[PDB]
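**Student:** Below is the structure I would like to discuss, written out as structure tokens.
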Amino acid sequence: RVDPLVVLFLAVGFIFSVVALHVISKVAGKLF
Amino acid sequence: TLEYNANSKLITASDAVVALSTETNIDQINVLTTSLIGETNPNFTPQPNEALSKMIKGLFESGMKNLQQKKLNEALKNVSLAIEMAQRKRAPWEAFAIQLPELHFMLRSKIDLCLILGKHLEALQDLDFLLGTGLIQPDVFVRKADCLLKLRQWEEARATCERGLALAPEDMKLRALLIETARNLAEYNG
Amino acid sequence: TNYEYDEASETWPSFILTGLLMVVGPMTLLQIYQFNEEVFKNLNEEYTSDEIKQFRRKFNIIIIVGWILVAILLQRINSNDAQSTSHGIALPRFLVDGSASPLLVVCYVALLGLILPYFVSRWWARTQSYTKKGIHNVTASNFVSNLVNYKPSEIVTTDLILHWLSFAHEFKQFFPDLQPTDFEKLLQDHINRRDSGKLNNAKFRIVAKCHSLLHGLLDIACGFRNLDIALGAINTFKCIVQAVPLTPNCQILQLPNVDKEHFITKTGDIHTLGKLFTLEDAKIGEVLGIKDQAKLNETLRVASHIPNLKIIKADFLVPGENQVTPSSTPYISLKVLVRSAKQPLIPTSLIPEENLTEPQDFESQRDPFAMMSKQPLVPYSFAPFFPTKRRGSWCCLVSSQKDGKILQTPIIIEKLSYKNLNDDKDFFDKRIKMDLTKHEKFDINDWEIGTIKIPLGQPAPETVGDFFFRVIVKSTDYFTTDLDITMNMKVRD
Amino acid sequence: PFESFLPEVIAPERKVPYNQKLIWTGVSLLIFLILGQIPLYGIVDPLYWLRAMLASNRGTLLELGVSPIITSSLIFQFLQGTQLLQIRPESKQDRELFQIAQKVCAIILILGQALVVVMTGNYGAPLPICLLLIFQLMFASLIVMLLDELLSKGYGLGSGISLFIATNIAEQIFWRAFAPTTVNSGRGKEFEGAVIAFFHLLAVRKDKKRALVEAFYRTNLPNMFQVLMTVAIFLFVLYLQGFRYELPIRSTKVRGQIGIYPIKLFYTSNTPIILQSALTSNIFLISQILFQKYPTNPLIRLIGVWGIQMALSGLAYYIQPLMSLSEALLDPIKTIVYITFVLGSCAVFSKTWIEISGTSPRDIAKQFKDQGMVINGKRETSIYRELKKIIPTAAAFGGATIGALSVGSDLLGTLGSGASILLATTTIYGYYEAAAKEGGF
Amino acid sequence: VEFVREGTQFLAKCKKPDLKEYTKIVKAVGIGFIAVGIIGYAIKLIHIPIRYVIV
Amino acid sequence: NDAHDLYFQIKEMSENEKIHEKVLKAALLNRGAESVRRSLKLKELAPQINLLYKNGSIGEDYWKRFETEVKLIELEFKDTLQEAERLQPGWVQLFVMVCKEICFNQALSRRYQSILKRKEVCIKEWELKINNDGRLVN
């Protein structure tokens, strides 16, 4: 049902979304 | 592409370049058609034909009678004709366990006759077919090794001798054939 | 806590010095710190074509840079001038607060999002398309599909196996322009020693890659329990290695310098190497039609240095017991005598009976293959037309004698001693015919008897009786004298 | 038994080669480690022992770590040991139901632990931010449990929890050596790593005969002596791992199967030291709690008194580990009683563990009876009598030497605790011996 | 006192690894442990400036 | 590589060229024999294929493709039986057995016919000099 590459993609996508949220909240203060 | 004849009802491929499997299937279908043409009943039984078997037996007896007349040449032609008729004019829906033993029994006589006459290659090929179609008996390995030694093929000769001895090592002929092959191969090498 | 970066460039130099020293030091330490005679490794290059040499040819500074970097940073530090605890870090300040503050994070997120997943996925897709044997998945699929709808009526020859090999998927990756028919034509030109003209660099590549393909085909054929295809595969491997068409008299055509138009027309009785060596050294040259002593010595040294085998004792063995017992796991023990085609026959009785028996010790009967694994490797083959250099190889496969089906995967042995072939024991010639066993230089303990052991992979039957087997040991580089023996396990309980 | 439809990774039908397994192990390790360095988003009691043992760190997506998985595994292990689960090996459906129940209870305990640490933690009582912070750690927990399932399915060299624990131990070791962080307290900036500050003092001090001995002692920060001692103890524990008793075995059902049944010196290596550590941890936890709650009592003063923090003048004072040779030479009776206790603990732990875990000599004799294997030069009715003469003594001596190694490391001042070093060494040696007996590069 | 006797007998009866095997063991385990520790150290080090810049 | 589409070609020719009815039954029996042979071949090859796959020498997709072919062959055979019943009323219990027999009969026929070619292959392989009457002249 789940493949290993699916697991790696989910993990990397989660970490990428977390870092994107962090950098967005950081740049929101500098821009506004 | 393929054409369909009217008066003969035999399907032929109209293409100029046709594959091998297609050709085999076309010939098989032609055989099935030409047999269903002769066989009239729609619900045909796998029971073999009687007149065909009688004709085959008659041709085989005509071939075998030439042995008593010490006529070894025309007996081969008669046996070959009988085998070809039994292979052709017999519909494939006849019983397998009844068509196979008759073919074996005729081909064994053909083997012995062809080996006696002096033809060795046709004999070797017939033995190869008979051994590959499901009959493994020490009455075949002896003749196979004999033919192989006659047509100068020593490695497969010793291989066949060993395979024959691995079934009935108490044979008095297989051991002599193995010894002869060993000596001939020792000369072939040294 | 709240770290304090190096804003005076006084702490990161020492850290970089440590990081570079810890990687250079071991490398400098490692740099400061750091059986079977082959007669063909010399004569191979003397008979290989130059067009093949060109193909075989065509297709530490880290320590120094680290040392000079350590020197530079040491001079930099030496030029430098330099209650509550104040935590800090060693990295410089501009690395985190200068104008390149987003550069580091974008580089990091790129390395995490593109380099890692893409390369991991590519490596995975590449390591999944390969089989454990060493061939592509499409090639194995083609082999299996061709062996499935294979009519037992057609007899296997070399042409049919080449036709099968031309459908190899790995040949399309090498040359997306060529077609399988082109591959068949190239392999035919190679076997018949025909010049391709322009595609020689492709013919060499495909011949070099044919090795693993034929090994995979042999493994698959043994897996389907088919003997004709295995024998044809080994014979085709011989043919491709030696670049000589499979004929009745081919062991003598694999020699370096012979002219078929003269040899075939002149003689018709010399088929093997032994019947050849039966003639004198001048008659051999006169028959082969080369009439060049300086060149006849080369072919005489080649034809007297390829290995012919002969069994001494062949029987089943069970590790730890003495007889074959029902539902037990025995292995096959072979005692071969690697001899050249020139030496006469040594009787079995002359063997001192000490080299044939197996030592019965726990360290020995725990793994009977450890004693075999001590034999030296086989020398380089005499393959003047094969592109690369190969070591000899012997394929030992076993089949049953009831029906004639292969009952295990083929075992490929590589360790063997050719000590019986060296030019020191040359007084043992077939032409002297003077009972050379009773010679002043003949000692039966000098002839080394190599050993070959094949694990059976299947237990003995639960019944009681004699069950026959057949062991075939064919060569893979020459056309030498192979083994075709029968053996039976006498299950007795 | 119930109905369940939840996502799970499927095991490969064929054996995974060594290189494909090693690369996947490395990649899973990299992902698990990166998960431990990124902090949460909605953020605005310190227990360093549990966070160092159970692979967790505060303020990151891996705050739960492998603790939720290890809790469920221990719970089901106890439930199977108490024979209440009555797990029968004759059916695979029961095994699959147990394996899926493992996950369905692990996820619920994850939810519970997360909710309680959020509602009780020092993050703050003040809804969408709370829900998003919950989902972050939720998805992280599912990721880590799925990665452990992957590593256990066959794509990895072995289990995931033990691997991650060994990696965190090795990482603490390496950080106690090459720490780039510095501390400036009056004298100046000094690296918190052994090799780093060592080379720094060798270079900048310009006084070799003094800087060498100054960087070699370093009474306040790790030095070269500790590194030498820990690498020496690592190598000695390595050399001690090859010790084993090889008794010759043969088969009687299928004749001709000769092999060796290896009996290592470290029979149950990982268990006794970890049980001793958990016991001592609970002990001093209870002692500190009761000493802080109760000011003074006869029994409270008898069990343990805390002062300058450390316990002293009590029973809990004796159980505390020795710091260095100074405390050893201070109270020899304390050293004697502590060493005797720490050795007897591992001894009785090895004994009870080999008796409970189903590896007692009686169970091994029964297993031989099942397989039909016998000793080379002995009889059938003598295998149990022979195993009674090997297994118990071997287990007791292995526990004793493990205790001795641990206390020697703790006394000589290694970079890390001897328990952690031994655990990591055993976890890696297991992978090595598995790859050796299986066959791989 | 007999405990040390049983222990030394068990040790004398065990199979001590020799040099040629000990070197392979130490090489393999050292490569594994160092590859673990260096990866851990790099991960714990690189994420400090990232944690400072982002957070 | 099958005669399955050949029978469909014959059927489509039937409605246009007004072909005989017996040739249709013949092609039907031929397809039935081919289906019987392929089913038997797959039944005999399943263990060896599974062993090669578990050994790890055949790839991962080929096992799935083979398992799919196993049920595809059964579907084809059931459809052929349904077509036979459609063509002749109550003609199923005899169809299976006549197919089972013609399968082996034509297999033996092909095996025998192949020797006409097999005879010259060995001649070319062994460089035999055979005159007429099949005798050797060395």
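Order determines the names: the first chain of the structure tokens is A, the second B, and so forth; residues in each chain are numbered 1 upward, and ligands are numbered 1 upward as they are shown.
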Give me every alpha helix (DSSP H) residue in segment 43-101 of chain B, going by DSSP on the backbone, as number ranges by chain.
**Tutor:** B: 51-68, 73-88, 96-101
**Student:** Report as JSON, numbers by chain the set of chain C residues whose atoms approach chain E to within 9 Å, with distances computed over only C-alpha atoms.
**Tutor:** {"C": [91, 95, 96, 97, 101, 102, 104, 105, 108]}
**Student:** Which residues are near residue 8 of chain E? Cut-off 10 Å, only C-alpha atoms, ignore same chain within fewer than 6 positions. Put them as a VMD selection string.
**Tutor:** (chain D and resid 397) or (chain E and resid 2 14)
**Student:** For segment 12-17 of chain B, please output as a count of residues only all residues within 10 Å (counting only C-alpha atoms; exclusion window: fewer than 4 positions along the same chain).
**Tutor:** 10
**Student:** Which neighbours of segment 67-83 of chain F fall inside 9 Å, counting only C-alpha atoms, when residues of the same chain fewer than 2 positions from it are skipped, and could you give them as a ChimeraX atom specification?
**Tutor:** /F:28,31-32,35-36,38-39,42-43,46,62-65,85-88,92,95-96
**Student:** Keeping only N, CA and C atoms, write the selected residues as a PDB file, in the first residue's frame.
**Tutor:**
ATOM      1  N   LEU F  28     -12.185 -23.164 -34.083  1.00  0.00           N
ATOM      2  CA  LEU F  28     -12.552 -23.187 -32.673  1.00  0.00           C
ATOM      3  C   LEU F  28     -11.821 -24.301 -31.935  1.00  0.00           C
ATOM      4  N   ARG F  31      -8.161 -23.280 -31.509  1.00  0.00           N
ATOM      5  CA  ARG F  31      -7.956 -22.347 -30.408  1.00  0.00           C
ATOM      6  C   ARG F  31      -8.104 -23.047 -29.064  1.00  0.00           C
ATOM      7  N   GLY F  32      -9.050 -23.983 -28.962  1.00  0.00           N
ATOM      8  CA  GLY F  32      -9.197 -24.733 -27.725  1.00  0.00           C
ATOM      9  C   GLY F  32      -7.974 -25.570 -27.406  1.00  0.00           C
ATOM     10  N   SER F  35      -5.262 -23.279 -26.189  1.00  0.00           N
ATOM     11  CA  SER F  35      -5.520 -22.872 -24.812  1.00  0.00           C
ATOM     12  C   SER F  35      -5.173 -23.988 -23.837  1.00  0.00           C
ATOM     13  N   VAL F  36      -5.531 -25.228 -24.179  1.00  0.00           N
ATOM     14  CA  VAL F  36      -5.187 -26.361 -23.323  1.00  0.00           C
ATOM     15  C   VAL F  36      -3.677 -26.473 -23.170  1.00  0.00           C
ATOM     16  N   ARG F  38      -1.356 -24.158 -23.552  1.00  0.00           N
ATOM     17  CA  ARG F  38      -0.788 -23.053 -22.788  1.00  0.00           C
ATOM     18  C   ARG F  38      -1.108 -23.184 -21.305  1.00  0.00           C
ATOM     19  N   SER F  39      -2.315 -23.642 -20.973  1.00  0.00           N
ATOM     20  CA  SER F  39      -2.660 -23.845 -19.571  1.00  0.00           C
ATOM     21  C   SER F  39      -1.771 -24.910 -18.943  1.00  0.00           C
ATOM     22  N   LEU F  42       1.761 -23.478 -18.446  1.00  0.00           N
ATOM     23  CA  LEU F  42       1.841 -22.583 -17.298  1.00  0.00           C
ATOM     24  C   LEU F  42       1.760 -23.357 -15.990  1.00  0.00           C
ATOM     25  N   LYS F  43       0.908 -24.384 -15.937  1.00  0.00           N
ATOM     26  CA  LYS F  43       0.812 -25.193 -14.729  1.00  0.00           C
ATOM     27  C   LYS F  43       2.121 -25.908 -14.433  1.00  0.00           C
ATOM     28  N   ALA F  46       4.874 -22.944 -13.379  1.00  0.00           N
ATOM     29  CA  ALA F  46       4.679 -22.161 -12.160  1.00  0.00           C
ATOM     30  C   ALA F  46       5.701 -22.453 -11.066  1.00  0.00           C
ATOM     31  N   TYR F  62       8.102  -9.407 -13.727  1.00  0.00           N
ATOM     32  CA  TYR F  62       7.806 -10.614 -14.484  1.00  0.00           C
ATOM     33  C   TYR F  62       6.930 -11.571 -13.691  1.00  0.00           C
ATOM     34  N   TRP F  63       7.117 -11.637 -12.373  1.00  0.00           N
ATOM     35  CA  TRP F  63       6.263 -12.493 -11.559  1.00  0.00           C
ATOM     36  C   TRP F  63       4.819 -12.013 -11.598  1.00  0.00           C
ATOM     37  N   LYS F  64       4.612 -10.698 -11.512  1.00  0.00           N
ATOM     38  CA  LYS F  64       3.264 -10.152 -11.624  1.00  0.00           C
ATOM     39  C   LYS F  64       2.675 -10.426 -13.001  1.00  0.00           C
ATOM     40  N   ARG F  65       3.473 -10.238 -14.054  1.00  0.00           N
ATOM     41  CA  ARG F  65       2.981 -10.483 -15.405  1.00  0.00           C
ATOM     42  C   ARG F  65       2.601 -11.945 -15.589  1.00  0.00           C
ATOM     43  N   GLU F  85     -20.264 -23.277 -26.862  1.00  0.00           N
ATOM     44  CA  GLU F  85     -21.662 -23.508 -26.512  1.00  0.00           C
ATOM     45  C   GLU F  85     -22.588 -22.663 -27.377  1.00  0.00           C
ATOM     46  N   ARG F  86     -22.193 -21.420 -27.655  1.00  0.00           N
ATOM     47  CA  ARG F  86     -23.000 -20.562 -28.516  1.00  0.00           C
ATOM     48  C   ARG F  86     -23.109 -21.140 -29.920  1.00  0.00           C
ATOM     49  N   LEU F  87     -22.028 -21.735 -30.421  1.00  0.00           N
ATOM     50  CA  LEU F  87     -22.013 -22.197 -31.802  1.00  0.00           C
ATOM     51  C   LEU F  87     -22.832 -23.467 -31.992  1.00  0.00           C
ATOM     52  N   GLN F  88     -22.758 -24.407 -31.048  1.00  0.00           N
ATOM     53  CA  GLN F  88     -23.488 -25.661 -31.153  1.00  0.00           C
ATOM     54  C   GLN F  88     -24.191 -25.922 -29.826  1.00  0.00           C
ATOM     55  N   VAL F  92     -20.441 -28.887 -25.033  1.00  0.00           N
ATOM     56  CA  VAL F  92     -19.385 -28.454 -24.134  1.00  0.00           C
ATOM     57  C   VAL F  92     -18.610 -29.621 -23.532  1.00  0.00           C
ATOM     58  N   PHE F  95     -16.431 -30.947 -26.105  1.00  0.00           N
ATOM     59  CA  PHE F  95     -15.451 -29.981 -26.587  1.00  0.00           C
ATOM     60  C   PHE F  95     -14.162 -30.048 -25.779  1.00  0.00           C
ATOM     61  N   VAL F  96     -14.276 -30.119 -24.453  1.00  0.00           N
ATOM     62  CA  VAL F  96     -13.087 -30.137 -23.610  1.00  0.00           C
ATOM     63  C   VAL F  96     -12.228 -31.358 -23.915  1.00  0.00           C
TER      64      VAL F  96
END
**Student:** Give me, as a list in words, all polymer residues having an atom no more than 10 Å from segment 20-24 of chain C, counting only C-alpha atoms and skipping those fewer than 6 positions away in the same chain.
**Tutor:**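 Everything that qualifies: residues 14, 62, 63, 64, 65, 66, 67, 69 and 70 of chain C; 195 and 199 of chain D.
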**Student:** For chain A against chain D, with a cut-off of 7 Å and counting only C-alpha atoms, what is the closest atom pair and its distance in Å to one decimal for every residue that makes the cut, ordered by chain and number, as a tab-separated table?
**Tutor:**
residue	atom	partner	partner_atom	distance
A:1	CA	D:9	CA	6.1
A:2	CA	D:9	CA	4.6
A:3	CA	D:9	CA	5.9
A:11	CA	D:143	CA	6.5
A:22	CA	D:41	CA	6.5
**Student:** Any chance you can output those residues with N, CA and C atoms as a PDB file, in the first residue's frame?
**Tutor:**
ATOM      1  N   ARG A   1       0.830  -1.197   0.000  1.00  0.00           N
ATOM      2  CA  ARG A   1       0.000   0.000   0.000  1.00  0.00           C
ATOM      3  C   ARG A   1       0.868   1.252   0.000  1.00  0.00           C
ATOM      4  N   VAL A   2       1.983   1.193   0.724  1.00  0.00           N
ATOM      5  CA  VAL A   2       2.936   2.293   0.811  1.00  0.00           C
ATOM      6  C   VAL A   2       4.308   1.772   0.405  1.00  0.00           C
ATOM      7  N   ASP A   3       5.010   2.542  -0.413  1.00  0.00           N
ATOM      8  CA  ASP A   3       6.353   2.211  -0.855  1.00  0.00           C
ATOM      9  C   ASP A   3       7.382   3.038  -0.096  1.00  0.00           C
ATOM     10  N   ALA A  11       8.260  12.439   4.138  1.00  0.00           N
ATOM     11  CA  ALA A  11       9.113  13.052   5.150  1.00  0.00           C
ATOM     12  C   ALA A  11       9.743  14.340   4.634  1.00  0.00           C
ATOM     13  N   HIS A  22       8.207  28.399   8.495  1.00  0.00           N
ATOM     14  CA  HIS A  22       9.115  29.178   9.330  1.00  0.00           C
ATOM     15  C   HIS A  22       9.632  30.407   8.594  1.00  0.00           C
TER      16      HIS A  22
END
**Student:** Set the distance at 7 Å and use only C-alpha atoms: which residues neighbour segment 53-62 of chain B once local chain neighbours fewer than 3 positions away are removed? I'd like the list as a ChimeraX atom specification.
**Tutor:** /B:49-50,65-66,78-79,82,86
**Student:** Grab the atom CA of residue 87 of chain D to atom CA of residue 366 of chain D distance for me, in Å with one decimal place.
**Tutor:**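 Going from atom CA of residue 87 of chain D over to atom CA of residue 366 of chain D, I get 19.5 Å.
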**Student:** Return the neighbours of chain E among the residues of chain A, cut-off 9 Å, counting only C-alpha atoms, as a PDB file with N, CA, C and O atoms, in the first residue's frame.
**Tutor:**
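Once everything was written out, this is out_16.pdb:
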ATOM      1  N   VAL A  19       9.854  24.168   7.038  1.00  0.00           N
ATOM      2  CA  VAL A  19      10.838  25.228   6.838  1.00  0.00           C
ATOM      3  C   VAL A  19      10.229  26.378   6.042  1.00  0.00           C
ATOM      4  O   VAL A  19      10.557  27.551   6.267  1.00  0.00           O
ATOM      5  N   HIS A  22       8.207  28.399   8.495  1.00  0.00           N
ATOM      6  CA  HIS A  22       9.115  29.178   9.330  1.00  0.00           C
ATOM      7  C   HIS A  22       9.632  30.407   8.594  1.00  0.00           C
ATOM      8  O   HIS A  22       9.594  31.524   9.123  1.00  0.00           O
ATOM      9  N   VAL A  23      10.118  30.222   7.365  1.00  0.00           N
ATOM     10  CA  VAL A  23      10.693  31.354   6.646  1.00  0.00           C
ATOM     11  C   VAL A  23       9.611  32.356   6.263  1.00  0.00           C
ATOM     12  O   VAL A  23       9.871  33.564   6.206  1.00  0.00           O
ATOM     13  N   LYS A  26       8.964  34.373   9.275  1.00  0.00           N
ATOM     14  CA  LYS A  26      10.094  35.264   9.509  1.00  0.00           C
ATOM     15  C   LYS A  26      10.044  36.469   8.579  1.00  0.00           C
ATOM     16  O   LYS A  26      10.240  37.609   9.019  1.00  0.00           O
TER      17      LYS A  26
END
